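K.L.:
The structure is given below, and queries will be raised subsequently.
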Amino acid sequence: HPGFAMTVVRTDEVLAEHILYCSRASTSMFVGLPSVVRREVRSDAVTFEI
Amino acid sequence: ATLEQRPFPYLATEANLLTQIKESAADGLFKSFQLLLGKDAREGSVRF
Amino acid sequence: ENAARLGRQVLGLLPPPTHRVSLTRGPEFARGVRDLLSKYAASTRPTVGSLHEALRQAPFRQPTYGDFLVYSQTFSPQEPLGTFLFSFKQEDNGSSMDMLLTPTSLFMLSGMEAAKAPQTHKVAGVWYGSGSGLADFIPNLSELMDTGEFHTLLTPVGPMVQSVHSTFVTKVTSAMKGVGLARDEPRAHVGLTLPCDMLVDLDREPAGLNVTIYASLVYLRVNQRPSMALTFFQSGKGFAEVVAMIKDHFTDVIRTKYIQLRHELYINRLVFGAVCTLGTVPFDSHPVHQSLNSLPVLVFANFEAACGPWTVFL
Amino acid sequence: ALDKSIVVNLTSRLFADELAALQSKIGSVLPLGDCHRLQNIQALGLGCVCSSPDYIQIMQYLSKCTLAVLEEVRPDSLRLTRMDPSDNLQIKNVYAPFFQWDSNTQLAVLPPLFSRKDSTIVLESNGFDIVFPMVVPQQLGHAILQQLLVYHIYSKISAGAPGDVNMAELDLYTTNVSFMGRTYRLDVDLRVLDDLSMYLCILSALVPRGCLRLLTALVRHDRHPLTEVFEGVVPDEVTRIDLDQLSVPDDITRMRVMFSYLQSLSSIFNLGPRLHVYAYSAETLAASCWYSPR
Amino acid sequence: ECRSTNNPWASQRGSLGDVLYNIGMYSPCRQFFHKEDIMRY
Amino acid sequence: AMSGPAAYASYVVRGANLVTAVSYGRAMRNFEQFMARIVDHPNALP
Amino acid sequence: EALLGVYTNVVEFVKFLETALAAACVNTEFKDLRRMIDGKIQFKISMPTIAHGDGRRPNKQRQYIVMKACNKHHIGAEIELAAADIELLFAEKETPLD
């Protein structure tokens, strides 16, 4: 046993499930009219973007 | 030395005093309508 | 009466309106999807009127934004909106958060003199204490300035657009391609902002639709210890002339380096600088001088950003 | 807005084995002969030039070519997508050997120099063998080559005189590539690099004469002041060359030959068919980017 | 308040715990000794 | 089980016609009904 | 000739307004967010206090006026449609379809 003592620090990760309470009417939401951009045009098929 | 050489020198120094006069962004504009959420729609809901 | 003739040439040369499909009501979603499909099907047929409807399309392009997630200890809350961004990717195994180096932050990692840049040291003395928290993440600010691999790690990105600064972690949005607009719906031209201390302007000479902005990262050694330097340039002279103009600016640095390294001169010491290409500015748009708490900062209008590789010069 | 879809028909259906090998490489940058949309199988891949390979004839070809990306492999045909300048796309990391791309990098498009299993897919339903290029990040893309250029030179000295090269010292420093904190052990059994090593060594003897002959002519009062500094970096033995031992018609043809191996060797490493990735997911392998030629 | 310190070998102003844990990999004990890190928290 | 609205709530434009004729006898009848609610129902006020 | 059995998956579709997360929100149908001033919807706060008298001295009625910011959110979606269906369902000859 040498003359000095010693301390040790270790870390540890934990996956933790959570509970989120939210109160009534806390945030107000809005809605804009979404626009239809078109892209990646082909003779076979058409792709849209919203 | 850019305030004077730019044209309309009297309207330039007057329109660049808005940065001192402005306090809220609805300062010079009038009020016309109200956008409620309903018919009274609350005393606490967002009115436009 | 003649203004009514101009009311037709305007209303016949406008772009077609973008379709608005309501996703909240029911019978207004039916009337909006149908006018996509009844109007696209007449932009495909081989008649003359269906070819008339395919020629009115106006393809304006949009920039490509980056989403960066920075520590607040390495990014100051006081940064002008439009500050340029350098990324740093030395190690990959963490992959948790990102380092973004504004030029007033990279001024502290270099350790370059406050007599070369007089004003921006005082502002970098109040936004950062002693440059420690910027340099706590790199254990090689002495071994990347010897071996000459610091410019290989920076990838330029683009100006600031949006920064939601928090206490611990700052979320920063940039604009990589194109004209830098604010992504939010009142779209404002957030142009690139540089301090007048860093930028060195080079200029009968012709002008195009272009004057580029270059970034030079120059290695040197002050107090017999390695310490780089970074300046910004601005000229529309073509890449063959600017490399000849940068070497005139750094004649007094190449001479006073190799005197200090006269006896010992390792092969890793020979690399000197590197020039990137940050983006273009259209001529007819002069930069506006602007002071911020005081720091003389240029602001550019319509700076559309590009990206070039680092090319070594000496 | 605009059409970019290069439908590659096939004269015969693909095999059940040959179909599933192309199903993996569904995001993949491919060189392609012409820009129009109805093409045959003989127009895609590097098999037009590489199906006994040479380096510079492919590297100069990848700048002048039209690059395109897979999107769909049905049995009877293919379908591609043409890649324009400053055009946003979505590339999948699929290239064997795996190199682990990163976001905010600059991917460069290189010729393949590894084996014929990693590079090409051999099709026998039609008689053509499509060849995939080497899409590696740019900083790793040159360290993977400047070390194998070292390996190709020292494996020719030990063929002529075996007592000069240590094999155990050779494959300890060349076959390991360190980039982004990771070590990639490459696979080497090199007739690809027999154009560079005959251009880089034929330039190796013209430079000590070429920098003394160019300094003895350019001496004057109006000398640029930085060349006084680099007047000392040149060694002692280089500054003892007698330029009188070669004739004046011989010293012309040791510059015009020399200046062509200076530029044409510098041009192929400053080629720009590169593309800037701005998003990358390490487990889905799907990456967004924008192409940028030269 | 009975004693000022459990050990002034790590709690010293010139303690070598500062010397070890102020100056790329992970650092577990850094969160207690680094003075300037504590001001962020 | 709980009960909500069927659709998103839509805004209503009010203040179009201001009708500006407003009289004094009607204003006093409205003001008596306005002040009496603070005694009657302080939380429910028109 | 012989039969062939087909089984199709049944997926429950999500509407935001039906899920009970919307008890923590007010959901307002709106038209045009192009027109709001940046970083500002002001709302005035009035906090009343207790009546006077008999050894009770309040810190008399305080009023904030605090301007808070709307926070933008971006949502992208992609719809792929075959060009055969769009073209056959809309023809110049408006005769009916099989």
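By convention here, the chains of the structure tokens are called A, B, ... in the order presented, each chain's residues are numbered starting at 1, and ligands are numbered starting at 1 in the order presented.
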Please report as a CSV table (one decimal) with N, CA, C and O atoms, in the first residue's frame which residues of chain B come no farther than 12 Å from chain G, using only C-alpha atoms.
P.N.:
```csv
chain,number,residue,atom,x,y,z
B,24,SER,N,-43.0,52.3,-32.0
B,24,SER,CA,-43.6,51.0,-32.3
B,24,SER,C,-44.0,51.0,-33.8
B,24,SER,O,-44.2,52.0,-34.4
B,25,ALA,N,-44.0,49.8,-34.4
B,25,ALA,CA,-44.0,49.7,-35.9
B,25,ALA,C,-45.4,50.1,-36.5
B,25,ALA,O,-45.5,50.2,-37.7
B,26,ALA,N,-46.4,50.3,-35.7
B,26,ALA,CA,-47.7,50.8,-36.1
B,26,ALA,C,-47.8,52.3,-35.8
B,26,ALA,O,-48.9,52.7,-35.4
B,35,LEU,N,-59.5,41.6,-36.8
B,35,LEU,CA,-59.6,40.2,-37.1
B,35,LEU,C,-59.8,39.4,-35.8
B,35,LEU,O,-58.8,39.1,-35.2
B,36,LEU,N,-61.0,39.1,-35.4
B,36,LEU,CA,-61.2,38.3,-34.2
B,36,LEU,C,-61.1,36.8,-34.6
B,36,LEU,O,-61.0,36.4,-35.8
B,37,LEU,N,-61.1,36.0,-33.6
B,37,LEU,CA,-61.1,34.6,-33.7
B,37,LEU,C,-62.5,34.0,-33.8
B,37,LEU,O,-62.7,32.8,-33.9
B,38,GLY,N,-63.5,34.9,-33.8
B,38,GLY,CA,-64.9,34.5,-33.6
B,38,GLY,C,-65.8,35.7,-33.6
B,38,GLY,O,-65.7,36.5,-34.5
B,41,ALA,N,-64.6,36.3,-29.0
B,41,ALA,CA,-63.5,35.4,-29.3
B,41,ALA,C,-62.3,35.3,-28.4
B,41,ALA,O,-61.4,34.5,-28.6
B,43,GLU,N,-61.2,37.9,-24.4
B,43,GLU,CA,-60.3,39.1,-24.1
B,43,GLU,C,-58.9,38.7,-24.1
B,43,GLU,O,-58.0,39.6,-24.0
B,44,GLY,N,-58.5,37.4,-24.2
B,44,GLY,CA,-57.2,36.9,-24.1
B,44,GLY,C,-56.6,36.3,-25.4
B,44,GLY,O,-55.4,36.0,-25.5
B,45,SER,N,-57.4,36.1,-26.4
B,45,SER,CA,-56.9,35.5,-27.7
B,45,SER,C,-56.3,36.6,-28.5
B,45,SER,O,-56.5,37.8,-28.3
B,46,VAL,N,-55.5,36.2,-29.5
B,46,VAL,CA,-54.8,37.1,-30.4
B,46,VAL,C,-55.7,37.8,-31.3
B,46,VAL,O,-56.4,37.1,-32.2
B,47,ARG,N,-55.8,39.1,-31.3
B,47,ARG,CA,-56.6,39.9,-32.2
B,47,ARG,C,-55.7,40.6,-33.2
B,47,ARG,O,-54.6,41.1,-32.8
B,48,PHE,N,-56.1,40.6,-34.4
B,48,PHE,CA,-55.3,41.3,-35.4
B,48,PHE,C,-55.9,42.6,-35.9
B,48,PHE,O,-57.1,42.8,-35.8
```
K.L.:
For chain G, report every residue with an atom at most 12 Å from chain F (counting only C-alpha atoms), formatted as an MDAnalysis selection string.
P.N.:
chainID G and resid 15:23 25:32
K.L.:
Residues of chain D were defined as contacting chain C if any atom lay at most 12 Å from it, counting only C-alpha atoms; please report them as number ranges by chain.
P.N.:
D: 1-2, 86-89, 100-108, 137-140, 178-182, 224-233, 269-272, 274-282, 288-294
K.L.:
If we count only C-alpha atoms, what is near segment 76-82 of chain D at a cut-off of 6 Å, once residues fewer than 6 positions away on the same chain are taken out, given as a ChimeraX atom specification?
P.N.:
/D:4-10,13,68-70
K.L.:
Please produce a file of the residues just selected, as a PDB file, in the first residue's frame, where the atoms kept are C-alpha atoms.
P.N.:
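So the final result, stored in out.pdb, reads:
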```
ATOM      1  CA  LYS D   4     -33.542  15.329 -67.286  1.00  0.00           C
ATOM      2  CA  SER D   5     -34.223  11.603 -67.683  1.00  0.00           C
ATOM      3  CA  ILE D   6     -32.005   9.388 -69.808  1.00  0.00           C
ATOM      4  CA  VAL D   7     -33.946   6.205 -70.536  1.00  0.00           C
ATOM      5  CA  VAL D   8     -31.426   3.501 -71.442  1.00  0.00           C
ATOM      6  CA  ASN D   9     -33.263   0.715 -73.229  1.00  0.00           C
ATOM      7  CA  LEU D  10     -31.892  -2.809 -73.526  1.00  0.00           C
ATOM      8  CA  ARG D  13     -33.855  -8.594 -70.527  1.00  0.00           C
ATOM      9  CA  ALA D  68     -25.519  11.094 -64.717  1.00  0.00           C
ATOM     10  CA  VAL D  69     -27.078   9.313 -61.733  1.00  0.00           C
ATOM     11  CA  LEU D  70     -29.077   6.064 -61.551  1.00  0.00           C
TER      12      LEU D  70
END
```
K.L.:
Which residue is closest to chain F? Choose from A:4, A:19, A:31, A:14 and count only C-alpha atoms.
P.N.:
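With only C-alpha atoms as the atom set, the closest residue is A:31.
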K.L.:
Would you mind listing, for every residue of chain E within 10 Å of chain C, the two atoms forming the shortest contact and the distance between them in Å to one decimal, using only C-alpha atoms, sorted by chain and ascending residue number, as JSON lines?
P.N.:
```
{"residue": "E:22", "atom": "CA", "partner": "C:136", "partner_atom": "CA", "distance": 8.2}
{"residue": "E:23", "atom": "CA", "partner": "C:136", "partner_atom": "CA", "distance": 6.9}
{"residue": "E:24", "atom": "CA", "partner": "C:139", "partner_atom": "CA", "distance": 6.7}
{"residue": "E:25", "atom": "CA", "partner": "C:94", "partner_atom": "CA", "distance": 8.6}
{"residue": "E:26", "atom": "CA", "partner": "C:94", "partner_atom": "CA", "distance": 9.2}
{"residue": "E:36", "atom": "CA", "partner": "C:133", "partner_atom": "CA", "distance": 8.3}
{"residue": "E:37", "atom": "CA", "partner": "C:133", "partner_atom": "CA", "distance": 8.5}
{"residue": "E:40", "atom": "CA", "partner": "C:168", "partner_atom": "CA", "distance": 7.6}
{"residue": "E:41", "atom": "CA", "partner": "C:168", "partner_atom": "CA", "distance": 8.3}
```
K.L.:
Interatomic distance between atom CA of residue 153 of chain D and atom CA of residue 95 of chain D?
P.N.:
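So the answer is 27.2 Å.
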K.L.:
To one decimal place, how far is atom CA of residue 70 of chain G from atom CA of residue 181 of chain C in Å?
P.N.:
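Distance reported for this atom pair: 18.5 Å.
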K.L.:
Neighbouring residues of residue 174 of chain D were defined as those with any atom within 9 Å, considering only C-alpha atoms; residues of the same chain fewer than 3 positions away were excluded. Please report them as a VMD selection string.
P.N.:
chain D and resid 147 to 148 150 to 151 169 to 171 177 186
K.L.:
Do a neighbour search on residue 38 of chain C at 10 Å with only C-alpha atoms, toss out local chain neighbours closer than 5 positions, and write the hits as a ChimeraX atom specification.
P.N.:
/C:33,43 /G:86-87,89-91
K.L.:
Do a neighbour search on residue 230 of chain C at 9 Å with only C-alpha atoms, toss out local chain neighbours closer than 3 positions, and write the hits as a VMD selection string.
P.N.:
chain C and resid 103 106 to 107 110 112 198 215 to 219
K.L.:
Could you dump the residues just selected with N, CA, C and O atoms as an mmCIF file, in the first residue's frame?
P.N.:
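Okay, this is what ended up in again22.cif:
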```
data_model
loop_
_atom_site.group_PDB
_atom_site.id
_atom_site.type_symbol
_atom_site.label_atom_id
_atom_site.label_comp_id
_atom_site.auth_asym_id
_atom_site.auth_seq_id
_atom_site.Cartn_x
_atom_site.Cartn_y
_atom_site.Cartn_z
ATOM 1 N N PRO C 103 -14.652 35.067 -38.837
ATOM 2 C CA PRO C 103 -13.312 35.675 -38.909
ATOM 3 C C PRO C 103 -12.905 36.459 -37.671
ATOM 4 O O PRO C 103 -11.703 36.620 -37.434
ATOM 5 N N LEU C 106 -11.667 33.306 -35.505
ATOM 6 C CA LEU C 106 -10.417 32.752 -36.008
ATOM 7 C C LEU C 106 -9.238 33.697 -35.811
ATOM 8 O O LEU C 106 -8.088 33.245 -35.831
ATOM 9 N N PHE C 107 -9.501 34.985 -35.591
ATOM 10 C CA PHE C 107 -8.470 35.930 -35.188
ATOM 11 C C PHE C 107 -7.833 35.564 -33.849
ATOM 12 O O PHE C 107 -6.666 35.895 -33.623
ATOM 13 N N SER C 110 -5.435 32.156 -34.230
ATOM 14 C CA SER C 110 -4.151 32.386 -34.880
ATOM 15 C C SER C 110 -3.137 32.952 -33.899
ATOM 16 O O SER C 110 -2.004 32.471 -33.812
ATOM 17 N N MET C 112 -2.377 36.223 -34.196
ATOM 18 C CA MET C 112 -1.712 37.251 -34.979
ATOM 19 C C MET C 112 -1.805 38.603 -34.275
ATOM 20 O O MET C 112 -2.621 38.811 -33.373
ATOM 21 N N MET C 198 -10.200 43.535 -42.071
ATOM 22 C CA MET C 198 -9.751 42.305 -42.715
ATOM 23 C C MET C 198 -9.652 42.459 -44.228
ATOM 24 O O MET C 198 -8.705 41.955 -44.841
ATOM 25 N N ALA C 215 -10.401 34.389 -50.122
ATOM 26 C CA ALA C 215 -9.967 34.220 -48.743
ATOM 27 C C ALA C 215 -8.580 33.609 -48.747
ATOM 28 O O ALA C 215 -8.393 32.494 -49.242
ATOM 29 N N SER C 216 -7.614 34.335 -48.201
ATOM 30 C CA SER C 216 -6.235 33.882 -48.129
ATOM 31 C C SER C 216 -5.900 33.577 -46.682
ATOM 32 O O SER C 216 -6.104 34.421 -45.805
ATOM 33 N N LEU C 217 -5.384 32.381 -46.435
ATOM 34 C CA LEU C 217 -4.992 31.960 -45.097
ATOM 35 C C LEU C 217 -3.490 31.733 -45.122
ATOM 36 O O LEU C 217 -3.016 30.740 -45.680
ATOM 37 N N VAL C 218 -2.752 32.642 -44.498
ATOM 38 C CA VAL C 218 -1.306 32.738 -44.643
ATOM 39 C C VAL C 218 -0.649 32.244 -43.365
ATOM 40 O O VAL C 218 -0.950 32.738 -42.272
ATOM 41 N N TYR C 219 0.244 31.269 -43.503
ATOM 42 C CA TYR C 219 1.046 30.790 -42.389
ATOM 43 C C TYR C 219 2.222 31.724 -42.152
ATOM 44 O O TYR C 219 2.861 32.188 -43.099
#
```
K.L.:
Can you work out the spacing between atom CA of residue 46 of chain G and atom CA of residue 21 of chain B in Å, to one decimal?
P.N.:
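So the two atoms, atom CA of residue 46 of chain G and atom CA of residue 21 of chain B, lie 26.8 Å apart.
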K.L.:
Taking only C-alpha atoms into account, which residues of chain C are within 8 Å of chain G, as a list in words?
P.N.:
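Here they are: residues 24, 37, 38, 41, 184, 185 and 186 of chain C.
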K.L.:
If you run DSSP on the backbone, which residues of chain E are helix (DSSP H, G or I), as a PyMOL selection string?
P.N.:
chain E and resi 16-21+30-33+35-40
K.L.:
Write the residues of the preceding selection, restricted to N, CA, C and O atoms, as a PDB file, in the first residue's frame.
P.N.:
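What ended up in part-v6.pdb:
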```pdb
ATOM      1  N   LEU E  16      -2.505  20.296  -9.261  1.00  0.00           N
ATOM      2  CA  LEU E  16      -2.155  19.595 -10.486  1.00  0.00           C
ATOM      3  C   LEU E  16      -3.384  18.978 -11.153  1.00  0.00           C
ATOM      4  O   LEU E  16      -3.305  18.571 -12.320  1.00  0.00           O
ATOM      5  N   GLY E  17      -4.523  18.936 -10.450  1.00  0.00           N
ATOM      6  CA  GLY E  17      -5.782  18.625 -11.105  1.00  0.00           C
ATOM      7  C   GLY E  17      -6.148  19.645 -12.167  1.00  0.00           C
ATOM      8  O   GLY E  17      -6.713  19.298 -13.209  1.00  0.00           O
ATOM      9  N   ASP E  18      -5.825  20.917 -11.922  1.00  0.00           N
ATOM     10  CA  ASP E  18      -5.932  21.925 -12.971  1.00  0.00           C
ATOM     11  C   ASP E  18      -4.921  21.666 -14.079  1.00  0.00           C
ATOM     12  O   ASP E  18      -5.206  21.879 -15.263  1.00  0.00           O
ATOM     13  N   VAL E  19      -3.724  21.207 -13.700  1.00  0.00           N
ATOM     14  CA  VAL E  19      -2.641  21.001 -14.658  1.00  0.00           C
ATOM     15  C   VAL E  19      -2.963  19.835 -15.586  1.00  0.00           C
ATOM     16  O   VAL E  19      -2.744  19.901 -16.803  1.00  0.00           O
ATOM     17  N   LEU E  20      -3.517  18.762 -15.024  1.00  0.00           N
ATOM     18  CA  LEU E  20      -3.910  17.613 -15.830  1.00  0.00           C
ATOM     19  C   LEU E  20      -5.096  17.935 -16.733  1.00  0.00           C
ATOM     20  O   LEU E  20      -5.085  17.631 -17.931  1.00  0.00           O
ATOM     21  N   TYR E  21      -6.135  18.546 -16.172  1.00  0.00           N
ATOM     22  CA  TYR E  21      -7.445  18.518 -16.799  1.00  0.00           C
ATOM     23  C   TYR E  21      -7.899  19.859 -17.366  1.00  0.00           C
ATOM     24  O   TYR E  21      -9.107  20.096 -17.449  1.00  0.00           O
ATOM     25  N   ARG E  30     -12.801  16.787 -16.377  1.00  0.00           N
ATOM     26  CA  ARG E  30     -12.695  18.170 -16.829  1.00  0.00           C
ATOM     27  C   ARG E  30     -13.800  19.063 -16.279  1.00  0.00           C
ATOM     28  O   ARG E  30     -13.576  20.264 -16.097  1.00  0.00           O
ATOM     29  N   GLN E  31     -14.959  18.491 -15.964  1.00  0.00           N
ATOM     30  CA  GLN E  31     -16.149  19.246 -15.599  1.00  0.00           C
ATOM     31  C   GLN E  31     -16.084  19.825 -14.191  1.00  0.00           C
ATOM     32  O   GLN E  31     -16.933  20.645 -13.832  1.00  0.00           O
ATOM     33  N   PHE E  32     -15.110  19.419 -13.378  1.00  0.00           N
ATOM     34  CA  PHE E  32     -15.026  19.937 -12.018  1.00  0.00           C
ATOM     35  C   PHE E  32     -13.833  20.851 -11.795  1.00  0.00           C
ATOM     36  O   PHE E  32     -13.920  21.760 -10.963  1.00  0.00           O
ATOM     37  N   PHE E  33     -12.735  20.653 -12.519  1.00  0.00           N
ATOM     38  CA  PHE E  33     -11.509  21.400 -12.285  1.00  0.00           C
ATOM     39  C   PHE E  33     -11.408  22.640 -13.164  1.00  0.00           C
ATOM     40  O   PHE E  33     -10.808  23.635 -12.749  1.00  0.00           O
ATOM     41  N   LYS E  35     -11.965  25.967 -14.392  1.00  0.00           N
ATOM     42  CA  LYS E  35     -12.606  27.142 -13.803  1.00  0.00           C
ATOM     43  C   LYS E  35     -13.523  27.831 -14.799  1.00  0.00           C
ATOM     44  O   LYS E  35     -14.662  28.188 -14.477  1.00  0.00           O
ATOM     45  N   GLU E  36     -13.042  28.014 -16.025  1.00  0.00           N
ATOM     46  CA  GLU E  36     -13.793  28.792 -16.995  1.00  0.00           C
ATOM     47  C   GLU E  36     -14.980  28.005 -17.531  1.00  0.00           C
ATOM     48  O   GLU E  36     -15.948  28.598 -18.012  1.00  0.00           O
ATOM     49  N   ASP E  37     -14.951  26.677 -17.399  1.00  0.00           N
ATOM     50  CA  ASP E  37     -16.103  25.854 -17.762  1.00  0.00           C
ATOM     51  C   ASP E  37     -17.245  26.055 -16.772  1.00  0.00           C
ATOM     52  O   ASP E  37     -18.423  25.950 -17.129  1.00  0.00           O
ATOM     53  N   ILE E  38     -16.906  26.341 -15.514  1.00  0.00           N
ATOM     54  CA  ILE E  38     -17.912  26.470 -14.460  1.00  0.00           C
ATOM     55  C   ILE E  38     -18.740  27.738 -14.659  1.00  0.00           C
ATOM     56  O   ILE E  38     -19.938  27.774 -14.351  1.00  0.00           O
ATOM     57  N   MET E  39     -18.138  28.770 -15.256  1.00  0.00           N
ATOM     58  CA  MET E  39     -18.873  30.001 -15.534  1.00  0.00           C
ATOM     59  C   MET E  39     -19.898  29.827 -16.651  1.00  0.00           C
ATOM     60  O   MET E  39     -20.855  30.603 -16.729  1.00  0.00           O
ATOM     61  N   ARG E  40     -19.719  28.839 -17.531  1.00  0.00           N
ATOM     62  CA  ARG E  40     -20.747  28.541 -18.526  1.00  0.00           C
ATOM     63  C   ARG E  40     -21.975  27.894 -17.908  1.00  0.00           C
ATOM     64  O   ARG E  40     -23.062  27.985 -18.486  1.00  0.00           O
TER      65      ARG E  40
END
```
